[PDB]
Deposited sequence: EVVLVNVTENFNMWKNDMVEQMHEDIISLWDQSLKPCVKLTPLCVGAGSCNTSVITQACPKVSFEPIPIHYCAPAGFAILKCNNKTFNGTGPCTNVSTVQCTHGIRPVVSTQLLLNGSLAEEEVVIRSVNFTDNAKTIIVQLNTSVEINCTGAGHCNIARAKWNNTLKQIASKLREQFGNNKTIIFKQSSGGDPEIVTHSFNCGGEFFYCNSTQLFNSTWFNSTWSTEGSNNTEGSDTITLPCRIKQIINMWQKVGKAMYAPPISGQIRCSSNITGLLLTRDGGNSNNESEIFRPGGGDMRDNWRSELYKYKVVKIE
């Protein structure tokens, strides 16, 4: 709305109450909208005796389709916006505006790849709360989107040339952060729950789990026209909202199709004590707050 002249404000995307708020909002949205046939959550508050909470309910098939959300100022507060096109999300911003609301954010729940979000306006950007810490997630923001087309028939397609150009841009940014003489290597997820080992997302109300090995298997600064990822629709899933499991009914549509734009990634670096002149990066995610951070990094709420 209105640019603040000569004002310098500190931002910290990793400690932003707007993220926590959006997170609780999306959890509520899912509870009301997407009801599982069976829902299981742990409860081991007792002494050496666990009590799994089990909910069984009607579970209608519903075509899920994220709708943009705009966050406006909560009572007694104002929203500030960093106008710096290459802002890393953590530090002083010399070009600050006050806005009535954020842009429209689509609350896509996914791992590994960020879909249908905002692109960087200039060059590719990478963000982390601590790059030196191999355990902290690296959020990647693309400046050019890449199409991914998925079908309930069991696969997702991605143009190989476009993806290859994307990896090169990312690796160049990773070199610039970790070392100009380092080889940048992408590898598949090293393990964990199926939801984070695969690129997982929801399409047509169904839960997809796509093998992303072919997307993350290259060496930088040391095929076919289209990359086809094998996928699987699951009925029994681990919940992202909290620790638990949910069961959904099988699909009722023989034509489940969606195309999304990859606009970002979630990565982690292997690290470890290695005198080797290379860094290894694998797809990550799982904490959906990182998904919300990828959109909200440029906003903060301040009390009037």
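The chain's deposited sequence has unresolved stretches at 223 to 234, 317, with no C-alpha coordinates there.
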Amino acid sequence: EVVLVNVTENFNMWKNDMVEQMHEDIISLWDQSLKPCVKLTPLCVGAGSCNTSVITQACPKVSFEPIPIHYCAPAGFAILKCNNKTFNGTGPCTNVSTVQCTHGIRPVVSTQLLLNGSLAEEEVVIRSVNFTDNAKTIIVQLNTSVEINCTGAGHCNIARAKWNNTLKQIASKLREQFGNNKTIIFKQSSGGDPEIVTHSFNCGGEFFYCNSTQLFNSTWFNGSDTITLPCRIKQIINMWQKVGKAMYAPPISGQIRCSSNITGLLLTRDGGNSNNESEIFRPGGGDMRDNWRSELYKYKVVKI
From here on, numbers count along this sequence of modelled residues.
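Stretches compared: 288 to 296, 10 to 18. Higher mean C-alpha B-factor in the entry: 10 to 18. The stretch 275 to 283 shows the higher mean C-alpha B-factor when 275 to 283 is compared against 257 to 265 in the entry. Per the deposited coordinates, the residue with the largest Cα temperature factor out of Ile26, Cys44, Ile55, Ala249 is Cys44. Residues shown: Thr166, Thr151, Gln112, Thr226. Highest C-alpha temperature factor in the entry: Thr226.
Annotation for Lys136: CA B-factor lies in the lowest third of the chain's modelled residues.
For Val243, the recorded CA B-factor ranks within the lowest third of the chain. Only modelled residues enter the ranking. When the CA B factors of the chain's modelled residues are split into thirds, the value for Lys85 lands in the highest one. Ranked within its chain, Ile237 lands in the lowest third, by CA B factor from the PDB record. Ranked by C-alpha B-factor against the other modelled residues of its chain, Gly192 falls in the lowest third.
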